[PDB]
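First comes the structure, then the notes that go with it.
Lettering follows sequence order; numbering is per chain, from 1. Values below: every heavy atom of this structure, side chains too, minus hydrogens, waters and symmetry copies.
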There are 2 protein chains.
Amino acid sequence: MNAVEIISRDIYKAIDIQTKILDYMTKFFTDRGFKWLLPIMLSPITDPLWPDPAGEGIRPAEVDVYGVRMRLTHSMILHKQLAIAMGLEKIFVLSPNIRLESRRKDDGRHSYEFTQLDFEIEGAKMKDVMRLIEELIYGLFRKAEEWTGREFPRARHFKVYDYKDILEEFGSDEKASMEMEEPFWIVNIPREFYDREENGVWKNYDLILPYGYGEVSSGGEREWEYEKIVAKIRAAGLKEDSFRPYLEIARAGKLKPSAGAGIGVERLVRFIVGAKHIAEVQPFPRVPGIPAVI
Amino acid sequence: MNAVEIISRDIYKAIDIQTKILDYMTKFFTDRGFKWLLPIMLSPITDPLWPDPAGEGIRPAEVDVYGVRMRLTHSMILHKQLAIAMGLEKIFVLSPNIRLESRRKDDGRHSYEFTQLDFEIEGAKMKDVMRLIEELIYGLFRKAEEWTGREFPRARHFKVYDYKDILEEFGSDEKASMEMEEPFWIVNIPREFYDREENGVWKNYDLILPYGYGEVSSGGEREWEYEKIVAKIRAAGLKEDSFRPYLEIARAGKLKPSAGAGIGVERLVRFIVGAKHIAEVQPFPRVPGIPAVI
Ligand SMILES: N[C@@H](CC(=O)O)C(=O)O
Ligand SMILES: N[C@@H](CC(=O)O)C(=O)O
């Protein structure tokens with residue numbers, strides 16, 4: 001779409017809903033004693049997004065700052081762990097992510113710029129975080145019924161499936177989404193170095209929306225031990241050089257066990273509004289593979 | 001400071017205060033019927049930050065996005081105006097800004113990454129917005145007295161200085177800040193093309209903190225007429241191509257009269273904690289001229 005066409009759309013309703021969602025979600029966390037952090041957009045280090053069955057192996061956008069290469073935020077995962085290392089205990093941030101994925105990921109829920117409500121909790125287990133998210137989502141859906149007068153899924157807790165079993169039964173997370181009528185969990189997904197792996201089991205979780213809307217949240221317990229972290233990085237063919245300051249902190253023994261998740265705000269807006277494509281709820285669309293004109 | 005030293009700092013109280021500040025300010029705006037938008041970090045267009053007394057003519061950092069040159073957000077001013085054009089009426093956003101200024105700007109209040117609470121109001125006039133910001137600050141300061149047990153500036157309304165009168169009496173905005181015990185306004189400052197100028201008078205305003213803490217907020221009424229906008233860009237030596245899609249919307253006569261401002265969140269946290277350098281309230285410092293290690 002061209003500039004004038006974009007500004008001509010009627011997205012008042014979507015933005016009204018977005019406002020209510022942000023109000024609800026931020027209060028949910030501050031009510032429970034979480035600290036509210038501001039995002040970082042440039043850093044020597046960022047989320048590799050690899051290995052990850054959900055990705056194609058993209059490289060972060062990079063810009064020089066005073067002669068030094070910085071990466072644009074893929075996600076603040078590493079910085080969340082660092083915030084826990086600073087003793088903040090329970091944190092969240094409204095974090096813009098930049099992920100320059102290909103046209104092949106333009107499936108209606110992807111956007112090359114998007115904001116996650118990203119949170120982390122010192123000492124938490126996967127069960128704790130999944131339960132917290134269920135509490136948030138159930139509460140959100142009840143409020144949405146009041147806001148819209150429409151019905152939303154009423155489940156207070158969601159069924160749990162192993163990634164391996166999803167592949168066997170449905171073939172893909174996307175096909176699973178199409179068949180379900182309530183949100184559900186996919187757990188135990190082999191992916192990035194920071195997700196906690198124990199004896200072949202990955203302590204992680206993705207929340208998937210029903211009716212084909214796809215993944216809305218992703219998280220896990222974390223690795224915190226230097227030796228384990230470095231082995232995982234090397235095994236994936238990644239470079240220690242790409243994580244130098246983070247690995248210095250890990251080597252010093254300053255990472256702590258924690259668990260967390262990120263929640264796609266615009267993906268939730270899309271679900272509540274019932275929009276076919278996420279672009280319909282964004283003032284300034286950022287469609288994968290298509291450089292925005294504004 | 002190496003990475004280990006950075007995360008070994010104490011920042012708990014500062015983040016505690018920041019959390020209370022963000023809760024307060026976001027509610028202030030949502031209570032008044034403002035829509036809560038999400039930020040954009042990459043665009044073909046951004047705030048030129050020039051001409052501007054407080055700038056130094058820095059050019060936006062750029063990155064390739066699917067073969068197209070995109071600018072990292074200096075400020076969302078142009079995008080705020082486009083949101084008004086879309087009929088959103090009253091909007092705000094927690095917008096990260098990237099401004100790669102020189103070491104000369106490392107004065108205790110500047111950071112090369114920072115977040116503004118940026119807001120815009122269709123049809124608003126400068127007196128309206130200044131009164132709104134005064135209302136916000138007065139309320140925040142009364143709350144801060146409860147949070148901290150210390151005393152803050154009392155005034156319900158701040159003294160207004162014309163820019164040229166600040167230059168005459170104090171020499172600069174910094175010197176003025178150091179000699180005041182109450183927040184004050186500086187108005188009528190010649191700067192960027194988007195600020196409204198009528199008969200040699202600029203309808204804009206900066207809020208300055210006392211005790212040398214310096215500027216905390218800046219805004220104004222906007223130009224919306226194509227001919228007026230084009231003339232100011234051309235006279236400034238700026239290239240029209242740099243603002244193409246924005247100018248298309250102006251030409252189509254879709255821009256509307258509006259006024260707004262941005263409020264520096266970290267600068268407020270600094271003022272309330274009483275920190276000498278703004279780095280002290282940031283988990284991940286972004287000091288002008290010093291590329292961050294994390
Ligand atoms: N935010 C997610 C990672 C992601 O960005 O997908 C997490 O906490 O693990
Ligand atoms: N946010 C300001 C511009 C700035 O100081 O970045 C405005 O509303 O005009």
Note to self: Using 0.5 Å steps for rounding, measure from the CD1 atom of A:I40 to the CZ atom of B:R286.
What the structure shows: 5.5 Å

Checklist line | Gap separating the NZ atom of A:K254 from the CD1 atom of B:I7, nearest 0.5 angstrom | finding: 6.0 Å

Notebook entry, point to check: Taking all non-hydrogen atoms of both residues, which atom of B:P44 and which atom of A:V293 are closest, and how far apart?
Noted result: CG-O, 3.2 Å

Check: Among residues 111-124 of chain B, which residues come closer than 4.5 Å to chain A, judged by heavy atom distances?
Finding: B:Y112, B:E113, B:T115

Notebook entry, point to check: Where on B:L78 is there a heavy atom nearer than 4.5 Å to chain A: the side chain, the backbone, both, or neither?
Noted result: neither

Check: With a 4.5 angstrom heavy-atom cut-off, which part of B:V4 approaches chain A: side chain, backbone, both or neither?
Finding: both

Item checked: Listed partners of A:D107 passing side chain to side chain contact (heavy atoms under 4.5 Å, CB included), at least two apart -> A:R109, A:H110, A:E174

Note to self: I need the minimum non-hydrogen distance between B:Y12 and A:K35, along with the two atoms involved.
What the structure shows: OH-NZ, 3.4 Å

Check: Does anything in residues 91-99 of chain B get under 4.5 Å of chain A by heavy atoms, and if so which residues?
Finding: B:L94, B:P96, B:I98

Next item on the list: Please state whether the side chain, the backbone, both or neither of B:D64 comes within less than 4.5 Å of a heavy atom of chain A.
Entry: backbone

For residues 240-250 of chain A, dump all side-chain donor-acceptor pairs below 3.5 Å to protein atoms at least two apart in sequence or in another chain.
residue : atom : partner : partner atom : Å
A:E240  : OE2  : A:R234  : NH1          : 2.9
A:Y246  : OH   : A:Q81   : OE1          : 2.7

Next item on the list: Please step through side-chain contact (heavy atoms from CB on, under 4.5 Å) for the pair B:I290 and A:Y66, ending with a clear verdict.
Entry: CA-CA 7 Å; B:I290 304 183; A:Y66 314 114; over 6 Å; no

Next item on the list: Specify the closest pair of heavy atoms between B:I11 and A:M86, including all atoms of both residues, with the distance to one decimal.
Entry: CG2-CE, 4.0 Å

Item checked: Contacting region of B:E62 [heavy-atom separation from chain A under 4.5 Å] -> backbone

Check: Do any N or O atoms from the side chain of A:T19 and from the backbone of B:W36 form a donor-acceptor pair under 3.5 angstrom?
Finding: yes

